[PDB]
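# Summary of structural features
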Amino acid sequence: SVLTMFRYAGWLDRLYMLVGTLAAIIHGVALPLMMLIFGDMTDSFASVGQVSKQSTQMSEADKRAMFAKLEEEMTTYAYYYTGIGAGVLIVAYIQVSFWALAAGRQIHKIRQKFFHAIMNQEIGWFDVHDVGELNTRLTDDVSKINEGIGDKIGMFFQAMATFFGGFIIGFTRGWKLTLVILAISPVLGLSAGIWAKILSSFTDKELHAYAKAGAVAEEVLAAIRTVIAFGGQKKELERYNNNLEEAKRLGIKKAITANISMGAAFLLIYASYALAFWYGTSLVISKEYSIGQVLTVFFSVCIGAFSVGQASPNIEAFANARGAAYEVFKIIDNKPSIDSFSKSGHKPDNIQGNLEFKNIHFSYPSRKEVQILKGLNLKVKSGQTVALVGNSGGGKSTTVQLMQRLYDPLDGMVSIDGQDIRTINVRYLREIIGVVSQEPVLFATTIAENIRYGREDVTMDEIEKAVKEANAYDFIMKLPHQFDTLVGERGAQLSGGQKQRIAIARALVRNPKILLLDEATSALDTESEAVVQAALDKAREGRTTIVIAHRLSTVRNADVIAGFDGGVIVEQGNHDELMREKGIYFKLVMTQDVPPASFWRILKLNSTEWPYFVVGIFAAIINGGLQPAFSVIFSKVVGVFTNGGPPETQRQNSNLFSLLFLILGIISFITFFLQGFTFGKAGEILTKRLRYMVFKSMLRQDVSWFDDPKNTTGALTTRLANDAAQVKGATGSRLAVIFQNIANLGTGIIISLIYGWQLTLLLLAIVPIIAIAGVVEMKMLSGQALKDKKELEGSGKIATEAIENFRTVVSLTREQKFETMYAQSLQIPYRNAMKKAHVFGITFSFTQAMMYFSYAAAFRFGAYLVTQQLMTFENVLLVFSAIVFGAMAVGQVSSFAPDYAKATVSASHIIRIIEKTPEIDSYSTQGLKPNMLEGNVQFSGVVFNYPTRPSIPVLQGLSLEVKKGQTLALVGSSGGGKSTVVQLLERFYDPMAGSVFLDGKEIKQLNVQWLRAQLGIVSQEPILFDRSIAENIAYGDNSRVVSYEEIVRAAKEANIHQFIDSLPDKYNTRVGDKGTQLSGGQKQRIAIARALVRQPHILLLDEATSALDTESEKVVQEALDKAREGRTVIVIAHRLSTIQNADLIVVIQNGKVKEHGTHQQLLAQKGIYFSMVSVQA
Ligand SMILES: CC(C)CCC[C@@H](C)[C@H]1CC[C@H]2[C@@H]3CC=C4C[C@@H](OC(=O)CCC(=O)O)CC[C@]4(C)[C@H]3CC[C@]12C
Ligand SMILES: CC(C)CCC[C@@H](C)[C@H]1CC[C@H]2[C@@H]3CC=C4C[C@@H](OC(=O)CCC(=O)O)CC[C@]4(C)[C@H]3CC[C@]12C
Ligand SMILES: CC(C)CCC[C@@H](C)[C@H]1CC[C@H]2[C@@H]3CC=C4C[C@@H](OC(=O)CCC(=O)O)CC[C@]4(C)[C@H]3CC[C@]12C
Ligand SMILES: CC(C)CCC[C@@H](C)[C@H]1CC[C@H]2[C@@H]3CC=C4C[C@@H](OC(=O)CCC(=O)O)CC[C@]4(C)[C@H]3CC[C@]12C
Ligand SMILES: CC(C)CCC[C@@H](C)[C@H]1CC[C@H]2[C@@H]3CC=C4C[C@@H](OC(=O)CCC(=O)O)CC[C@]4(C)[C@H]3CC[C@]12C
Ligand SMILES: *SC[C@@H]1NC(=O)c2csc(n2)[C@H](C)NC(=O)c2csc(n2)[C@H](C)NC(=O)c2csc1n2
Ligand SMILES: Nc1ncnc2c1ncn2[C@@H]1O[C@H](COP(=O)(O)OP(=O)(O)OP(=O)(O)O)[C@@H](O)[C@H]1O
Ligand SMILES: Nc1ncnc2c1ncn2[C@@H]1O[C@H](COP(=O)(O)OP(=O)(O)OP(=O)(O)O)[C@@H](O)[C@H]1O
Ligand SMILES: [Mg+2]
Ligand SMILES: [Mg+2]
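Residues numbered from 1 in each chain as written, not as in the entry; some residues may be left out. Chains lettered and ligands numbered in written order. Heavy atoms only, no water.

Method of determination, as annotated in the archive: cryo-EM, at 2.6 Å resolution.

Next comes the structure, spelled out in structure tokens:
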């Protein structure tokens, strides 16, 4: 329906809308009512009040009185203008404030419930829809709903009230003439309706394009590190630019439709005027009407017609809001099958850990032609440990996901204590299960707050106990702020092992009955793995654990071990029995602040399209000056009309004025369309350019910039969209009409001046008082613009953090907590909106009241002028019309002050991002680019401290050397700085002391893009894009077009080609967001292929085999050994099997080197390396 919105009105918002509509009706009819009650000079309101001479014999006494009686009438009308002005003050304040309050409350509820619809969806829903658009929706569509259900509805109702009041006055003075002119009401209405429907469709398409553009920006900014490492800034900007172009085209179409609607309305009105004079000239010839009769009905219908003509932007805003309310309410109305918010379902008192998987058949929703499990059967007894082993992609993580009811199996049963889990309450089932995922993800908050996400009502003592069990106490105590040290998005400001241990503690603070641990020790060293294993063993008896580990040391002591082959368990049993059977387990085990000109400079960025601007200015001047010139030309029109010579022939011969009104309608159509279309196209080009430049500037910035807690994905994505939209809100047709109004005021100045100069001083006085309300509102609103921008950045941060990490939120049952945080983040903008409602209501009220007071003052001063014979009554009526139009112009400019307020704050910020220069500039062409590279990498006394934690020494005089054909093995404990070396070699940061040399040349002198071009890195937690497999390997070289054969060769070297070939759609298969749609090993192998397709001279691996099986690791090692010569390789490994083949191994701890040499040399001495290899054995 059209009215899907206003669903969350409630009684208070209904009462606001009803009383505001009543106030709008009263305010609209109050001007018709004045002329209805008082009509003796309403006939005079037809200018050139015909006196029919009578001045030949004016007694100067008969003349005298006449002027005194006329003065008395003007004074009475001035008093009534003052009274109507006070009434207008009250009713206009009510009309604006009530509608704004209702819109604000409804928008607050809409945002809250749209957030409580994304959190309610299933994981399968998230695996099919592009959820990277959703935040843009929350930032944009709702805002466009806010712009179409507030003040605009009241304004439209006021215009309608003026329309009906004017037509009621005509009916009183001429039923037939009014009925014929009213014949354009249905055609005008249908025109408005069709244009509104087209506007709604175009708005829906444009918002879809903007949502797609926001999704690219969400993916790229969340993966800026991969984007910078592989130099994909140009490609990621082209991807953004494509959706920017689509949105610009749709917006240009929107501008065309809206302005042709405006022009068509004005053309219809002017054609109706010509029809009115036609039929009235008939009524006069046939003698059934007088001239006064046709003039009055005209003045009465004209005001309402022009009010409706001016009401078109309100209809456009309503159409845009209804177009924006499509996807939001579509997502809201969607009801999941697995409802985590449902209260139904059994919550058994005594959950004994009896887990059964019976004939489990499952296929993922995104890839539903692939069978992952084919009659999986597995029984886990209370207090027992099952260890799931097998090849990568077999379905172990799928089984873990099915245990926590992330999906429902197509066939089979998952049961606890013999009870089917689809009948258990979803939330209750999930709280009794604690899960550590294959690649743990933290949240952008403190360590303690991250732990509290496992269980909200947790004390500091139990947090300490859990982090001691997780072997996390030591490093948390070591860095300052203790538990209050905030980590980055997804835990990026911690080492991989630290993040994994934090996740372990977060799962442990739940005291779960079912502990799922999927590769929970992949980022840990031998000591941390051993101590965490012992801590878990000390608590096994009370709970049941399902553990999946590619490190076969942990599964040695498991009570039962189950092997996956072909989607089923082929061998289940203990270690000794499986070794006796010599099955797949045996095979696995053997193979071992605000400048005020900011808007001016943003518009100066729009200088290329100056011809559009000049055409729009000319059109705005034409229509704005024709608005008051209407009174003058009708004065001349009235002149001849009233003049009667021959009775019938010449009166009908005066059809030239119907032609004049037709020409005026054509000119109005052309000028309104031109002005609006040119300004809207200029605004579309400007907003697209601003988004392009801001996104390019963000991709230019350093890694340290992205590590700033204020610069989070959600914050950045909100900042970009919000600044572009806020600047756009003060440009386009909104700007165009402003120029028109200036022209109007200018014309009002000249028409008065050529007709009477005494009344011009009244305009010169009343402009300041009608603009003081605007400037004081511009002030009040300017500071809360900054405040609301800062709060909306945090709201977007919370929303994006919840969306990008929805699986973690669902596993932790933290959807309600994130909803509470989102609601809290909305409170300050909500209260600011509620107070802005009253501020805008008072501003509009004061403006209209001073307009009416200006009319009263005009009538009184004109009475003085007429009494002293200084000026005539025809002149005081023409100029009074000029004063009315000038007051309108000043009032509308003052109403533009809120739009410009947001624009200037946003401009001062768009200008700054754009002019910001990073220290390590990746766009700079400067820098020495060596013609040859020999692969000699040296670190000399490198000292580095991370910008977000500058007081913690990370590397202290680190020195190392690696040459071509040599393999450097970085080993050591978690947090020692192994990944920091790789990040420094990529020049993500610059060390304060020491140097990094490439072939004897210090790396800060080399070109940054050139230096990164010869680096091929596999990261510790590899990130892929939601793009094809082939597109992901090809990101390994963005400079050239990578061929299909090269991609296939890289995949074969990465031992991933067979999976891609077997999978339907092959290399065109989309992986999901950050490799969600592939197993950890498959994702890591695709990352390896991405790094290898580049054929780098320097290959940096950061635990590149953590998620790989023994066979896959062997294949990758053989592939690397085949190409061992011809490049230099630096490997970070927690597995001694890969390390023992390295040419040289260095043990780095606390940023220093302790032991270095070959495997035999390190083994000879009983040092750290010997201790590690002995504890492993
Ligand atoms: C052309 C544009 C510029 C103005 C359109 C004016 C009317 C067509 C609209 C404006 C406000 C609307 C009203 C705003 C709110 C409501 C409450 C709404 O209530 C619900 O939808 C309740 C649903 C629920 O409780 O679940 C019913 C329609 C109604 C009366 C709407 C009827 C149609 C109205 C008068
Ligand atoms: C009682 C006197 C004083 C005024 C009478 C006015 C009517 C003759 C006019 C006013 C508004 C007009 C309506 C305004 C808009 C539309 C929608 C229009 O269809 C569309 O453009 C879209 C249809 C849709 O979206 O469903 C069809 C004509 C209609 C009903 C119009 C029919 C004629 C109406 C009722
Ligand atoms: C007719 C003349 C005499 C003017 C009458 C003015 C009233 C109609 C105004 C003035 C103060 C207004 C109130 C000022 C502030 C608020 C709080 C506001 O609360 C919110 O929705 C935000 C806070 C929250 O709920 O978190 C709701 C509207 C309300 C009651 C306003 C309702 C309309 C009021 C009573
Ligand atoms: C909307 C407002 C703030 C803009 C400016 C308003 C003035 C231009 C209005 C406000 C009150 C008006 C005055 C109200 C009453 C009088 C007294 C009146 O005095 C006489 O008749 C004097 C006769 C004599 O002694 O000769 C002359 C007009 C005047 C000054 C009016 C002139 C126009 C005034 C100054
Ligand atoms: C920035 C703020 C302070 C502006 C406030 C404006 C109002 C205080 C002014 C604007 C127009 C004024 C009115 C303009 C003209 C008249 C007619 C005037 O008539 C006479 O003086 C009649 C004398 C006679 O003939 O006996 C009486 C004051 C009055 C109502 C004025 C009352 C004060 C008003 C409402
Ligand atoms: S009807 C031709 C012309 N009026 C307009 O163009 C017009 C657009 S919007 C509008 N008038 C609003 C609804 N009018 C007023 O606010 C208003 C208050 S007093 C007044 N207009 C005086 C009586 N108008 C004129 O003298 C006049 C002559 S032509 C004209 N308006
Ligand atoms: N969300 C998903 N959508 C579609 N397919 C998926 C999804 N998640 C996993 N898959 C696919 O299901 C299969 C099994 O994946 P799963 O994560 O269960 O394997 P695994 O045994 O845990 O692997 P690994 O040892 O690499 O961690 C793979 O082919 C994988 O690509
Ligand atoms: N972006 C960052 N901001 C601040 N501190 C960081 C950041 N990244 C890492 N650190 C810190 O720097 C230290 C070294 O981390 P690093 O990632 O280099 O270790 P590592 O040897 O690779 O660890 P692991 O074996 O756990 O992967 C740790 O104390 C870590 O918390
Ligand atoms: Mg897995
Ligand atoms: Mg690391």
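## Observations regarding the domain arrangement of the chain
Accessible area lost when the parts come together is the quantity often used to give the size of an interface. In plain terms, the rule: Those domain boundaries reflect an automatic or database domain assignment. Residue contacts follow a heavy-atom distance rule, with two residues in contact if any of their heavy atoms lie within 4.5 Å. What gets called buried area is simply the loss in accessible area from a 1.4 Å probe that two parts show on being joined, summed for both. Note on definitions: salt bridges are taken to be side-chain nitrogens of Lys or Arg within 4 Å of carboxyl oxygens of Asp or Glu. In protein, a polar contact means a hydrogen-donor-capable atom and an acceptor-capable atom, both N or O and within 3.5 Å, with residues adjacent in sequence counting only if both atoms are side-chain atoms; elsewhere, any N or O pair within 3.5 Å suffices. Each helix is a run of DSSP H or I of at least 4 residues and each strand a run of E of at least 2, with the numbering of both proceeding from the N terminus. Three classes are used: nonpolar for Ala, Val, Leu, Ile, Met, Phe, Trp, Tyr, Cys and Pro, charged for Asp, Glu, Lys and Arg, and polar for all others, with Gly counted as polar.
The assigned domain composition of the chain is domain 1 (2-37 + 61-336 + 600-915), domain 2 (355-590) and domain 3 (937-1176). Look at where the C-alpha atoms of domain 1 and domain 2 centre, and you get two points 57 Å apart. Taken residue by residue, the interface counts 25 residues in domain 1 and 26 residues in domain 2. Between domain 1 and domain 2, a total of about 2,200 Å² is buried, with carbon and sulfur atoms accounting for 53% of that surface. When the buried surface of domain 1 facing domain 2 is broken down by residue, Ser811, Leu812 and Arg814 rank first, second and third, together holding 24% of it. Our count for the domain 1 to domain 2 interface comes out at three salt bridges. Across the pair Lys817 and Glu456 runs a salt bridge, and its minimum N-O distance is 4.0 Å. Put simply, domain 1 and domain 2 have eight residue pairs in polar contact between them. The leading source of residues in the side of domain 1 that touches domain 2 is helix α29 (residues 806-812), at six residues. Of the residues that constitute the side of domain 1 that touches domain 2, the class distribution is nine nonpolar, eight polar and eight charged.

## Remarks on the packing of helix α2 (residues 62-118) against helix α11 (residues 312-333)
Short version of the rule: Simply put, an axis is a line fit to the C-alpha atoms, just over the touching stretch for a helix, and the angle between two N-to-C directions goes from 0 to 180 degrees. When an angle is under 35 degrees it counts as roughly parallel; over 145 it counts as roughly antiparallel; between 65 and 115 it counts as roughly perpendicular; any other value is oblique. Should the near helix be turned anticlockwise from the far one by less than a right angle, the crossing is termed left-handed; should it be turned clockwise, right-handed.
Contact geometry of α2 with α11 gives a least axis separation of 8 Å together with a crossing angle of 55 degrees. Between α2 and α11, the angle falls in the class oblique. When you trace α2 past α11, the crossing you get is left-handed. For the pair formed by α2 and α11, the contact residues are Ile110, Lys113, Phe114, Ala117 and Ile118 on the first element and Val328, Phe329, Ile331 and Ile332 on the second.

## Some remarks on the site of ligand 8
Put simply, the rule reads: A cutoff of 4 Å decides nearness: a residue is near a molecule or strand if any of its heavy atoms lies inside that distance of it. Methods summary: accessible areas were calculated by the Shrake-Rupley approach with a probe of 1.4 Å, and residue burial reflects only the protein chains presented.
Taken together, 22 residues form the shell around ligand 8, and within it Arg949, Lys978, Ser979, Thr980 and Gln1020 come nearest. Backbone polar atom of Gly977 to an oxygen atom of ligand 8: 3.2 Å apart, as the coordinates give it. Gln1020 is positioned such that a nitrogen or oxygen atom in its side chain is 2.8 Å from an oxygen atom of ligand 8. If ligand 8 stood free it would expose 650 Å²; the protein chains cover 94% of that surface. Along the lines of polarity and charge, the residues of the shell around ligand 8 split into three nonpolar, 15 polar and four charged.

## Details of the coordination of the magnesium ion (ligand 9)
Six octahedral donors around a metal ideally sit at 90 or 180 degrees from one another, while four tetrahedral donors ideally sit at 109.5 degrees. Where we set the bar: Each metal's donors comprise the N, O and S atoms found within 2.8 Å of it (within 3.2 Å for Na, K or Ca). Water is not part of the atom list, so some coordination spheres may appear incomplete.
Taken together, the protein ligands of the magnesium ion (ligand 9) are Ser397 (OG) and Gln438 (OE1), with distances of 2.1 Å. Of this pair, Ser397 sits in helix α12 (residues 396-403) while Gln438 is found in the loop between β6 (433-436) and α14 (447-452), placing the two residues 41 residues apart along the sequence.

## Things to note about the UniProt feature "domain: ABC transmembrane type-1" in the chain
Our working definition: UniProt positions are given in the numbering used here, feature names are shortened, and annotations may be inferred rather than shown by experiment.
With numbering matched to this structure, UniProt assigns "domain: ABC transmembrane type-1" to residues 17-320 and 613-902. The distance from the first to the last C-alpha atom of residues 613-902 is 22 Å, and the span holds 88% helix and 0% strand.

## Some points on the sheet that holds strand β14 (residues 993-998)
Quick reminder of the rule: Criterion used throughout: strands pair if DSSP finds at least two bridges between them.
Read across the open sheet, the four strands follow the order β12-β11-β14-β15; overall the sheet is antiparallel. The outermost strands of the open sheet, each flanked by one partner alone, are β12 (955-962) and β15 (1001-1002). With two bridges connecting them, β14 and β15 associate as antiparallel partners. Residue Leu998 lies in a different strand from β15, and its bridge partner there is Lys1001. Here helix α34 (residues 978-985) sits on the sheet and contacts β11 (937-944), β12 and β14; the angle it forms with β11, its principal contact strand, is near 110 degrees.

## Concerning the pattern of salt bridges
Put simply, the rule reads: The buried label applies to any residue whose accessible area, calculated with a 1.4 Å probe on protein chains only, is under 20% of its type's maximum; exposed applies above 50%, and partly exposed to all values in between.
One pass over the full model with this rule turns up 46 salt bridges. Its salt-bridge partner being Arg1027, residue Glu236 comes within 2.8 Å of it at the nearest N-O pair. The class for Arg1027 is buried, based on a relative accessible area of 7%. Residues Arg455 and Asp457 are paired through a salt bridge, measuring 4.0 Å at the closest nitrogen-oxygen approach. A relative accessible area of 19% means that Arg455 is categorised as buried. When salt bridges that share partners are traced, they join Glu219, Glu236, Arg239, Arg1027 and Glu1031 into one network.

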